[PDB]
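Report on one structure; see the data block that follows.
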Amino acid sequence: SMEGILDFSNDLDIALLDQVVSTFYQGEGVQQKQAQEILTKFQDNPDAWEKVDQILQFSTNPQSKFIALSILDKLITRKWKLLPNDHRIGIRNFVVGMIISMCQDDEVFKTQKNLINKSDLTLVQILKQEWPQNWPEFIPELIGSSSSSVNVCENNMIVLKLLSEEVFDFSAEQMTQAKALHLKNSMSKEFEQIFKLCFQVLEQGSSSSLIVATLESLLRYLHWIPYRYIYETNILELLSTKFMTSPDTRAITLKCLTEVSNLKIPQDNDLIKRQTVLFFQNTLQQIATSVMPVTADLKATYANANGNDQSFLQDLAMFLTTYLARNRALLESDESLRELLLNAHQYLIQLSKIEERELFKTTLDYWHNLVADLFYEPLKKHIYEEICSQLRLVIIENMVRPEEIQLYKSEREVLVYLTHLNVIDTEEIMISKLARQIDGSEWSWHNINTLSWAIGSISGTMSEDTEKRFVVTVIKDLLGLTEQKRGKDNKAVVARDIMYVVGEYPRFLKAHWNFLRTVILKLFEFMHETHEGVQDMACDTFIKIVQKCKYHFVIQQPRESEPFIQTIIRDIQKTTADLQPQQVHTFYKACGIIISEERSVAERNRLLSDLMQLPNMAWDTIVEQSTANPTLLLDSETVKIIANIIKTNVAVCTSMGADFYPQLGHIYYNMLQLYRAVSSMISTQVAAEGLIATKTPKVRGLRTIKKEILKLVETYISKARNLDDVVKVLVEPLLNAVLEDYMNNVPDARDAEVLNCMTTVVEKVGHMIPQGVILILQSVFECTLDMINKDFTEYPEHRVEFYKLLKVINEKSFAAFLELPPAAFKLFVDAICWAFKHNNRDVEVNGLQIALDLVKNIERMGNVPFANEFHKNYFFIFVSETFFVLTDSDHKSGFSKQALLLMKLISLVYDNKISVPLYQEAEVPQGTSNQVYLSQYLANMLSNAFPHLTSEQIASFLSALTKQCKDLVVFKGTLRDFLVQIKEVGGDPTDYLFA
Amino acid sequence: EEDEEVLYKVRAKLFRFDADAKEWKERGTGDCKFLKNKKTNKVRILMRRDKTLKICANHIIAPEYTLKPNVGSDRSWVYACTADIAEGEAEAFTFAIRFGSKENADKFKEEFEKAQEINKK
Amino acid sequence: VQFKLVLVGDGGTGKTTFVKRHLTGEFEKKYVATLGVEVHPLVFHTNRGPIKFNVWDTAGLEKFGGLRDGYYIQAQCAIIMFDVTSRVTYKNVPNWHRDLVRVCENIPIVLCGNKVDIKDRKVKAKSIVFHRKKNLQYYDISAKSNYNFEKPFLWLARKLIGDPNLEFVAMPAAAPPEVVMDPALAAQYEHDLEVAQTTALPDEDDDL
Ligand SMILES: Nc1nc2c(ncn2[C@@H]2O[C@H](COP(=O)(O)OP(=O)(O)OP(=O)(O)O)[C@@H](O)[C@H]2O)c(=O)[nH]1
Ligand SMILES: CC(C)CCNC/C=C/[S@](=O)c1cc(C(F)(F)F)cc(C(F)(F)F)c1
Ligand SMILES: [Cl-]
Ligand SMILES: [Cl-]
Ligand SMILES: [Cl-]
Ligand SMILES: [Cl-]
Ligand SMILES: [Cl-]
Ligand SMILES: [Cl-]
Ligand SMILES: [Cl-]
Ligand SMILES: [Cl-]
Ligand SMILES: [Cl-]
Ligand SMILES: [Mg+2]
């Protein structure tokens with residue numbers, strides 16, 4: 001039965017529509033869902049708008065009337081201008097009439113705010129179409145009708161709020177530049193009269209709901225109106241006194257005063273400065289007398305979450321921070337405003353203690369502004385000494401782990417400034433907090449962790465002498481805390497915190513070799529501790545200290561027999577014996593950092609030799625037995641050992657880069673033999689077991705070997721300084737071992753990592769291997785394209801790596817594309833346009849960049865057959881493909897680079913930089929310029945694609961695009977204007993003259 | 001769970017097999033517990049999701065059940081369960097459970113068989 | 001004790017994936033765009049008894065928008081979702097908020113930045129400020145890693161019940177029934193188990 005309403009050959013049964021709507025909003029499961037589908041199809045019926053007037057009159061369901069207005073809104077915003085004037089006036093009148101009628105009934109006005117607000121927004125959609133040009137007395141009649149009734153006056157304030165929002169706040173994306181300027185100027189020209197209604201209601205009104213709606217409209221007006229409406233009327237006084245006393249108006253009033261604080265205001269006017277001070281004084285006086293005193297526990301109030309207390313305290317933080325960030329200098333020099341200044345900051349100290357992460361960040365941004373200013377501005381810090389002392393405790397008690405990168409950074413910067421301002425106060429707070437860990441009063445894992453992070457954060461702020469005393473004191477206290485504590489859990493928490501603190505004071509470690517050596521040896525002891533987290537923190541602290549203090553490991557320290565790097569390498573088997581593979585890799589990586597400090601080549605190469613001794617000997621043993629009998633790779637255990645050898649090589653190559661070459665040279669030949677052997681096993685296994693083989697632990701392990709070998713080579717070549725060796729020694733064996741294997745595996749067995757490795761090769765030495773680049777394209781291009789051109793989802797990594805490779809080949813070795821046979825060059829253009837149509841931002845952006853780079857590469861060839869053939873074959877393909885993704889609404893993320901590409905293509909023809917006619921002979925008179933033909937081609941293409949546009953709209957748009965094709969920002973404005981006009985009927989063609 | 005002894009506890013990800021969609025669908029991640037009822041000495045699997053603590057497995061470790069390897073994993077078990085009540089009404093499922101390591105999966109199988117022998121008495 | 005919750009935000013931000021994970025525990029890797037709205041009851045067990053959300057998971061894509069703001073009518077709470085890997089999805093948050101609060105003037109709303117599991121984050125912490133003036137709760141979330149997975153619902157439950165000390169609790173676990181195998185479905189179980197053993201488990205590279 002419910003599907004009856006979709007039958008438009010009948011008259012609509014409103015009793016039925018009301019059933020469907022009720023079963024959707026109030027019903028359940030199966031029937032809620034099928035009602036949903038019926039309502040959607042009803043609403044989207046392009047004749048459904050004809051039914052709206054009937055539904056609004058005869059429906060008893062305010063939800064049906066809401067959906068009716070949704071249907072009408074689709075008509076108003078998209079097809080309005082096709083209606084005869086009489087019909088548009090008909091609709092305007094039945095919307096206004098319905099609004100007034102709903103407002104004049106008290107019961108309806110109270111209980112149906114949803115339908116009234118929706119009606120008001122529908123009215124504003126009509127105003128955007130009709131006002132003022134076809135409705136000049138709208139604002140006068142609204143102002144007039146406001147005296148008639150308190151409900152109509154209140155609702156008129158909702159209409160004016162929505163109008164201001166639609167014109168000033170949300171016009172940028174929804175209207176042409178011209179239409180936005182027209183509506184902004186129209187509201188501006190009539191605001192004097194709107195303001196007088198607003199002001200009179202605030203001065204004399206007694207309805208709380210009327211006053212609140214008036215202040216809600218004022219909040220929107222404050223985004224755009226001139227300051228004089230606020231500073232040259234009584235309105236500042238009313239907002240900052242009367243409306244702050246009433247809780248009903250307080251929330252919206254605070255939000256208004258925040259926006260008042262952001263008004264553009266004269267800067268050299270003592271009266272205006274006094275008014276700015278006065279409204280702040282009034283506001284804070286009302287808070288202290290009507291809401292809570294400066295001493296109030298806002299942490300407690302906020303936690304209790306009574307009524308609107310949380311939103312109010314959020315709004316107070318926003319108001320104080322906004323006002324003080326702009327105006328605190330007004331309060332700083334006059335001794336009579338000192339109490340106001342410090343009371344405002346005291347409210348902010350109390351707000352900063354609230355347990356609410358996002359509110360804390362708001363206050364922290366302000367504290368950063370303040371303490372940065374106290375650090376640089378003369379004669380200011382002394383004002384804020386008690387505020388800063390309190391803030392030191394708040395920041396230390398709220399310190400987060402450095403893993404929370406933005407919050408830790410903000411907190412550290414604030415605490416560093418505060419420490420500089422008073423190092424004695426900072427130290428005293430941190431040492432007394434440590435004492436409350438030691439006496440058990442504040443002891444917990446979270447609390448010792450928090451304090452450790454705070455202590456670490458201020459490294460570098462103290463003098464070296466003060467830091468030395470401070471660090472020794474902290475380390476002594478944490479060592480005593482560890483001894484005192486019972487159980488492995490407790491001891492491990494404090495031990496992690498000692499190693500965290502030590503890791504953050506490299507200046508101290510570099511001055512105290514004996515202590516640094518002790519710390520490293522204790523970290524080595526910890527690398528045998530199986531207690532969860534200890535081995536990880538030992539390895540993490542090791543590499544962190546090495547990164548900061550590497551030089552102290554590579555020199556011979558006084559009273560040592562050799563550089564400490566030799567001592568580490570000589571005992572590495574024992575040190576690393578109990579570590580997991582990833583921990584071993586970190587350890588080897590840290591050793592590589594130290595070895596790369598040794599700038600004597602002989603000594604560096606010997607340390608590298610000695611570090612790689614264990615993996616090299618395990619490698620040699622495997623190679624000897626893997627060559628003597630190829631079966632032993634079957635052993636899952638051997639595959640894991642090989643993978644971990646290669647990963648150890650990657651880790652050391654990561655830290656040594658160019659210096660790694662001799663180690664890569666030692667393994668290179670057998671590494672590529674292993675790549676080929678593993679490759680055979682994978683191909684064989686997939687044949688014997690099916691595609692499922694690629695999910696088996698065995699094949700995944702074999703593919704790990706291939707991926708890690710590609711990662712090792714990519715890592716080395718990305719950092720290589722000797723590119724002659726890369727080309728003469730590494731490239732040919734690499735391309736031989738990896739390209740044919742990639743091409744000749746089934747899609748599911750191809751490693752995306754091959755494409756990634758080849759991107760680095762072309763990036764670093766592409767200019768030196770033109771024949772190698774051609775071989776790379778021959779091996780990967782067509783087979784990879786065929787994997788990714790059936791849909792946008794399959795082989796996501798291949799898709800991304802494929803376009804990164806094409807991008808670098810197009811940048812470094814364009815000649816490789818010149819060598820493609822025509823059919824493959826066509827596939828290249830196809831692949832670029834395919835990248836355009838991705839939603840995936842990585843692929844989309846590379847697609848558009850390749851297109852721009854290709855056009856530039858063709859431009860450089862000058863007037864030669866290949867360039868002329870390119871333009872004749874592909875210019876219109878690139879123009880039309882680019883327009884398609886610009887206008888289809890499915891590729892908004894790529895707008896900038898789409899606009900850039902289109903501007904490049906249009907400017908080529910505008911300048912006459914294409915030497916041949918782009919048109920086929922007999923298509924136009926044989927003399928005709930490419931400018932004339934391009935204009936005709938685009939007019940025809942846009943007319944076919946957007947048949948609802950007029951010829952004049954398309955001609956005016958294209959005339960603007962042509963003129964603006966050397967001015968990106970304006971060109972983009974014109975494109976955005978076109979994107980607005982294609983979404984509606986009867987767009988004004990003069991919009992494209994906007995200047 | 002207050003009337004039960006905790007015999008074994010391991011972090012796991014549980015899947016159920018969708019025959020319709022021919023694919024494994026995750027049911028939960030969190031602590032998988034073998035709970036021995038102090039009254040009946042019957043051992044159940046009880047698994048709760050991280051964060052929400054909602055039940056993703058609640059069934060007797062039936063002596064008739066057999067842990068089989070999954071083609072994809074050296075750290076997972078697949079078994080038929082004829083009566084799981086995680087989501088209310090007893091339902092039959094093909095479960096897969098995956099662990100942090102092969103050692104954890106091997107240890108799970110060991111405890112699961114120990115529980116089966118307890119449930120046989 | 002049921003509350004209407006409306007989920008809004010750009011297509012592909014992870015609204016349906018987030019809800020589905022909460023409903024069944026599953027992580028849907030495929031993107032199947034919602035058509036208009038999907039309504040699912042979602043129950044949490046609290047120290048103050050059960051709370052039921054009637055989740056109206058709405059379409060983010062304009063071409064699948066259906067009734068659009070028609071879905072928001074009599075919502076008691078809301079989640080606005082964006083994707084921290086897609087800047088445009090954050091740029092659109094004020095548009096979703098606008099359409100939402102015009103229909104729901106005084107409801108608790110959580111802003112959720114989804115997909116924080118992805119290394120290449122595009123919407124930086126420092127950029128995310130829209131919530132402050134609009135009094136929205138904000139959470140970084142991952143429907144994939146379960147990062148802050150329960151936080152949006154815990155926050156809304158506290159606001160709707162008006163108890164800031166409300167906690168999610170463990171639903172106590174009934175003794176499961178003992179079973180006997182049906183010898184008629186022995187052959188059936190052999191087949192289903194063969195099919196399941198030879199279908200690979202997803203994400204074999206994850207930590208679980
Ligand atoms: N990496 C990652 N992917 C996610 C996450 N959440 C969702 N996804 C994926 O992102 C895509 C978005 O899925 P949906 O939930 O269907 O998107 P939606 O917001 O419901 O979109 P519409 O229904 O069109 O409005 C899917 O492929 C999900 O698997 C997340 O936290 N991390
Ligand atoms: C990891 C825990 C379970 C047990 C650890 N208990 C002992 C560790 C203490 S604690 O880590 C500690 C002990 C010493 C000590 F050698 F001087 F004692 C020195 C340091 C160093 F090197 F950082 F200065 C640190
Ligand atoms: Cl200032
Ligand atoms: Cl503790
Ligand atoms: Cl140094
Ligand atoms: Cl030497
Ligand atoms: Cl755009
Ligand atoms: Cl249209
Ligand atoms: Cl069985
Ligand atoms: Cl549920
Ligand atoms: Cl906030
Ligand atoms: Mg969805």
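Labels for the structure tokens follow display order: chains A, B, ..., residues from 1 in each chain, ligands from 1.
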Could the residues that lie within 6 Å of ligand 1, counting only C-alpha atoms and all ligand atoms, be listed as a VMD selection string?
chain C and resid 10 to 17 28 to 34 59 to 61 114 to 115 117 to 118 142 to 144
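Any residue of chain A with an atom no more than 7 Å from chain C counts as a contact; using only C-alpha atoms, that gives residues 40, 67, 114, 303, 304, 305, 311, 406, 695 and 893 of chain A.
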Could you tell me, counting only C-alpha atoms and all ligand atoms, which protein and nucleic acid residues lie no more than 10 Å from ligand 8, written as a PyMOL selection string?
chain A and resi 74-75+77-79+946-949+981-986
Taking only C-alpha atoms and all ligand atoms into account, which residues are within 10 Å of ligand 2, as a ChimeraX atom specification?
/A:472,475-476,478-483,485-503,515-523,525-535,538
Could you please tell me, as a PyMOL selection string, which residues of chain B have an atom within 10 Å of chain A when using only C-alpha atoms?
chain B and resi 70-75
Quick one: DSSP strand (DSSP E or B) residues in region 121-163 of chain C, as a ChimeraX atom specification?
/C:137-140
Taking only C-alpha atoms into account, report as a compact mmCIF listing (two decimals) with N, CA, C and O atoms, in the first residue's frame which residues of chain C lie within 8 Å of chain B.
```txt
# COMPACT_ATOMS: atom_id res chain seq x y z
N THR C 24 28.89 -5.46 15.37
CA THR C 24 29.24 -6.89 15.10
C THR C 24 30.69 -7.22 15.48
O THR C 24 30.99 -8.42 15.58
N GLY C 25 31.55 -6.22 15.66
CA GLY C 25 32.98 -6.41 15.95
C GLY C 25 33.83 -6.46 14.68
O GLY C 25 35.07 -6.46 14.80
N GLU C 26 33.18 -6.52 13.51
CA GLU C 26 33.86 -6.71 12.21
C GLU C 26 34.46 -5.38 11.74
O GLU C 26 33.94 -4.30 12.14
N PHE C 27 35.52 -5.45 10.93
CA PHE C 27 36.09 -4.29 10.21
C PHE C 27 35.88 -4.49 8.71
O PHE C 27 36.57 -5.33 8.11
N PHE C 44 24.74 -0.24 24.94
CA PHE C 44 25.91 -0.36 25.84
C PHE C 44 25.40 -0.67 27.24
O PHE C 44 24.32 -0.18 27.61
N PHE C 149 37.82 4.14 20.42
CA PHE C 149 36.69 3.54 19.67
C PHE C 149 35.37 3.79 20.40
O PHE C 149 34.34 4.08 19.73
N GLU C 150 35.39 3.67 21.73
CA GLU C 150 34.19 3.74 22.61
C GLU C 150 33.94 5.17 23.08
O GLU C 150 32.83 5.42 23.56
N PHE C 168 31.04 2.37 31.09
CA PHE C 168 30.73 1.07 30.44
C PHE C 168 31.22 -0.02 31.38
O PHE C 168 32.27 0.17 32.03
N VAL C 169 30.42 -1.08 31.54
CA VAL C 169 30.75 -2.24 32.41
C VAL C 169 30.61 -3.52 31.59
O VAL C 169 29.90 -3.51 30.57
N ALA C 170 31.25 -4.58 32.05
CA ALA C 170 31.15 -5.95 31.49
C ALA C 170 29.75 -6.52 31.80
O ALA C 170 29.45 -6.73 32.97
N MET C 171 28.92 -6.70 30.76
CA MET C 171 27.72 -7.60 30.75
C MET C 171 28.07 -8.95 31.38
O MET C 171 28.82 -9.70 30.77
N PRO C 172 27.62 -9.31 32.62
CA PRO C 172 27.93 -10.62 33.20
C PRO C 172 27.53 -11.77 32.26
O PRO C 172 26.56 -11.64 31.54
N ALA C 173 28.31 -12.86 32.26
CA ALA C 173 28.33 -13.87 31.18
C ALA C 173 27.64 -15.15 31.65
O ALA C 173 28.23 -15.86 32.48
N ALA C 175 26.32 -18.96 31.89
CA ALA C 175 26.92 -20.28 31.63
C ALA C 175 26.43 -20.76 30.26
O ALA C 175 25.23 -20.80 30.02
N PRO C 176 27.34 -21.07 29.31
CA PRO C 176 26.94 -21.51 27.97
C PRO C 176 26.44 -22.95 28.00
O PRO C 176 26.88 -23.75 28.82
N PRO C 177 25.51 -23.32 27.09
CA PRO C 177 24.91 -24.66 27.11
C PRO C 177 25.88 -25.74 26.62
O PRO C 177 26.63 -25.48 25.70
N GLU C 178 25.85 -26.92 27.25
CA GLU C 178 26.59 -28.11 26.77
C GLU C 178 25.83 -28.70 25.58
O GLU C 178 24.59 -28.64 25.58
N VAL C 179 26.56 -29.23 24.60
CA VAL C 179 26.00 -29.65 23.29
C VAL C 179 26.36 -31.12 23.04
O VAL C 179 27.36 -31.60 23.61
N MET C 181 26.81 -33.35 19.34
CA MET C 181 26.87 -33.20 17.87
C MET C 181 25.71 -33.97 17.25
O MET C 181 25.39 -35.04 17.74
N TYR C 189 29.37 -30.32 8.33
CA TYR C 189 30.38 -29.58 9.13
C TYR C 189 31.77 -29.81 8.53
O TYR C 189 32.56 -28.85 8.45
N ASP C 192 31.96 -27.28 5.54
CA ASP C 192 32.07 -25.86 5.97
C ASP C 192 33.45 -25.60 6.56
O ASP C 192 33.96 -24.48 6.39
N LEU C 193 34.03 -26.59 7.25
CA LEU C 193 35.35 -26.46 7.92
C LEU C 193 36.47 -26.52 6.87
O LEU C 193 37.45 -25.77 7.04
N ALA C 196 36.60 -23.10 5.23
CA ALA C 196 37.05 -22.06 6.18
C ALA C 196 38.56 -22.18 6.43
O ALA C 196 39.22 -21.13 6.50
N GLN C 197 39.08 -23.40 6.57
CA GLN C 197 40.54 -23.68 6.74
C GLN C 197 41.34 -23.18 5.53
O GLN C 197 42.51 -22.80 5.73
N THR C 198 40.77 -23.23 4.32
CA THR C 198 41.46 -22.93 3.03
C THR C 198 41.14 -21.49 2.58
O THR C 198 41.64 -21.10 1.50
N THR C 199 40.35 -20.73 3.35
CA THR C 199 40.15 -19.27 3.16
C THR C 199 41.04 -18.53 4.16
O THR C 199 40.81 -18.69 5.37
N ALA C 200 42.00 -17.74 3.67
CA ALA C 200 43.02 -17.03 4.49
C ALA C 200 42.33 -16.04 5.43
O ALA C 200 41.37 -15.38 5.01
N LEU C 201 42.83 -15.94 6.66
CA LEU C 201 42.41 -14.88 7.62
C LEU C 201 42.97 -13.56 7.10
O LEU C 201 44.08 -13.52 6.58
N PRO C 202 42.21 -12.45 7.21
CA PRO C 202 42.70 -11.14 6.77
C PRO C 202 43.79 -10.57 7.69
O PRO C 202 43.85 -10.96 8.85
N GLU C 204 47.22 -10.66 8.07
CA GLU C 204 48.13 -11.62 8.75
C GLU C 204 49.39 -10.89 9.25
O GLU C 204 50.17 -11.52 9.99
N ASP C 207 49.25 -7.09 14.57
CA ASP C 207 49.80 -7.56 15.88
C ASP C 207 48.87 -8.62 16.48
O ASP C 207 49.35 -9.44 17.28
N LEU C 208 47.59 -8.60 16.11
CA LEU C 208 46.61 -9.70 16.32
C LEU C 208 45.70 -9.78 15.09
O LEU C 208 45.24 -10.85 14.72
```
Using only C-alpha atoms and all ligand atoms, which residues have at least one atom no more than 7 Å from ligand 5? Output them as a ChimeraX atom specification.
/A:510,549,551-552
Nearby residues (only C-alpha atoms) at most 6 Å from region 897-912 of chain A, same-chain spacing under 6 positions excluded, as a PyMOL selection string
chain A and resi 852+931+965
Next, the residues of the selection above should be written as a compact mmCIF listing (two decimals), in the first residue's frame with C-alpha atoms.
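Full text of part-v6.txt as output:
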```txt
# COMPACT_ATOMS: atom_id res chain seq x y z
CA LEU A 852 51.42 19.27 -16.60
CA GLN A 931 41.84 30.26 -30.65
CA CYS A 965 44.34 32.19 -18.51
```
If I take CA of residue 767 (chain A) and CA of residue 802 (chain A), how far is one from the other in Å, to one decimal?
19.4 Å
Tell me, which residues of region 609-801 of chain A carry DSSP alpha helix (DSSP H), written as number ranges by chain?
A: 609-611, 613-628, 636-656, 661-689, 697-719, 723-725, 732-743, 752-765, 770-788, 796-801
